[PDB]
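Undergrad: kindly generate the corresponding structure for this input.
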Amino acid sequence: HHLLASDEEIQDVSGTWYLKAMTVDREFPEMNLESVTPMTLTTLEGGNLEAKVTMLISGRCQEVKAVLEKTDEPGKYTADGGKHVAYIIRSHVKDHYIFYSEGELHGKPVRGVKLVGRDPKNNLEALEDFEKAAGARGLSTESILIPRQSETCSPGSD
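TA: Numbers count the residues shown, from 1 in each chain. Sure, the structure comes next:
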């Protein structure tokens, strides 16, 4: 009775979530996430999932759009790149989900765990659960950043 995140509809994900934690290896620094925008998880006919979020990388607003294509392995998703394998997990807390992904950059393996869910306004229990995922993934000692919730991408000079 374990599973992962793909019973009949990931228990309804749809909606604009947020990012509360993002582990970033200490190999590729330069690019540093300064702020993040609400994550929009669109459920495609329950078959595929689309996640659109804008990140503030080094003052630069990077619009991200990942498509979680369902595979023959429930709880596993991939992108056209076939080199990006995303795994969606249901945090131990409500309104919280652990997002993980694996692949490679310029010929080097790269991954990352992201904690999404802020409905109840920050959850320490979820952070621990996530911090467990990172641990379980050995990413509990990376750069771990909690990008403030920025409903919109913009430095913030006002």
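Undergrad: where exactly do the strands run in the chain?
TA: All strands of the chain, identified by DSSP state E, fall at 15-17, 19-22, 33-36, 39-44, 48-57, 60-70, 77-78, 85-90, 97-104, 109-116.
Undergrad: out of those strands, the one nearest residue 122 is which?
TA: For residue 122, the closest of those is strand 19-22, at 6.6 Å, according to Cβ to Cβ. From N, CA and C alone the C-beta is placed, and that goes for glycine too.
Undergrad: show me what that closest one packs onto, helices and strands only.
TA: Packed against strand 19-22 by the contact rule (3 or more Cβ pairs under 8 Å, 6 or more residues apart in numbering; DSSP states H and E) you find strand 33-36, strand 109-116, helix 124-136.
Undergrad: and residue 140, what does it touch?
TA: Residues in contact with residue 140 (Cβ atoms under 8 Å, 6 or more residues apart in numbering) are 23, 131, 134.
Undergrad: kindly provide the distance from the closest residue in space to the last one that isn't next to it in sequence to residue 8.
TA: In other words, residue 134. Of all residues not flanking residue 134 in the chain, residue 140 sits nearest, at 4.2 Å (Cβ to Cβ, 6 or more residues apart in numbering). Using Cβ to Cβ, to the nearest Å, residue 140 is found at 32 Å from residue 8.
Undergrad: one more: residue 17?
TA: 20 Å.
Undergrad: higher neighbour count, the two?
TA: The residue with more neighbours, out of residue 17 and residue 8, is residue 17; 22 against 7, by other Cβ atoms under 10 Å.
Undergrad: show the contacting residues for that one.
TA: Residues in contact with residue 17, defined by Cβ under 8 Å, 6+ apart, are 38, 39, 40, 41, 95, 97, 116, 117, 118, 119.
Undergrad: ok, 7 Å please
TA: Going by Cβ atoms under 7 Å, 6 or more residues apart in numbering, residue 17 touches 38, 39, 41, 116, 117.
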